[PDB]
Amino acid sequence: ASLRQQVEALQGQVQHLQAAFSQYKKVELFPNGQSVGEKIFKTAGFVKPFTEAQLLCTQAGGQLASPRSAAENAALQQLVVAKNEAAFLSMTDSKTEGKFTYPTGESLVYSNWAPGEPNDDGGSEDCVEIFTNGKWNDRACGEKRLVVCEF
């Protein structure tokens, strides 16, 4: 009977919440975040070696930036450009040299290697950095790079 009115009432609160949430999300991502589809990149704004970077992201309930399409890569590139610091991706070929995988162990479904890469320089480049131009380069995991997590 009057249930129709409890429906409309709830409709109002939900919609006011949707509106405030949309506003607060835009505010949240400025200036250190970028959303693309259902994924959100956020940079910590400082550099760390791979192991440390990876730990910061996992402990925060996410993982290191893992661009899976050209659209995701471009979104990530924006933060790298904004900070003017190359960043680590999540992917490594530590298990089997030459075969880059995501943290889950799955093979890459997208790549944006710079010309000549990956080249395993010095016989010891198992992590991946993304440059300000959005291209990728395998690099030693001990180097320090911008920390960007995805959620």
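From 1 onward, residues are counted along the sequence shown. The term rigid core refers to the maximal set of C-alpha atoms that superpose within 1.5 Å between the two forms.
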| query | finding |
| --- | --- |
| Larger mean CA deviation from the shown form in 8 other deposited structures of this protein [core fit; 123-131 vs 8-16] | 8-16 |
| Entry-level comparison of average CA B-factors, 100-108 and 52-60, reporting the higher stretch | 100-108 |
| Mean C-alpha B-factor comparison - 110-118 and 22-30, higher one | 110-118 |
| Selection from 127, 130, 17, 9 [criterion: highest C-alpha temperature factor in the record] | 9 |
| Criterion, highest CA B-factor; candidates, 82, 40, 87, 91 | 82 |
| Residue 74 CA temperature factor, ranked by third within the chain | middle |
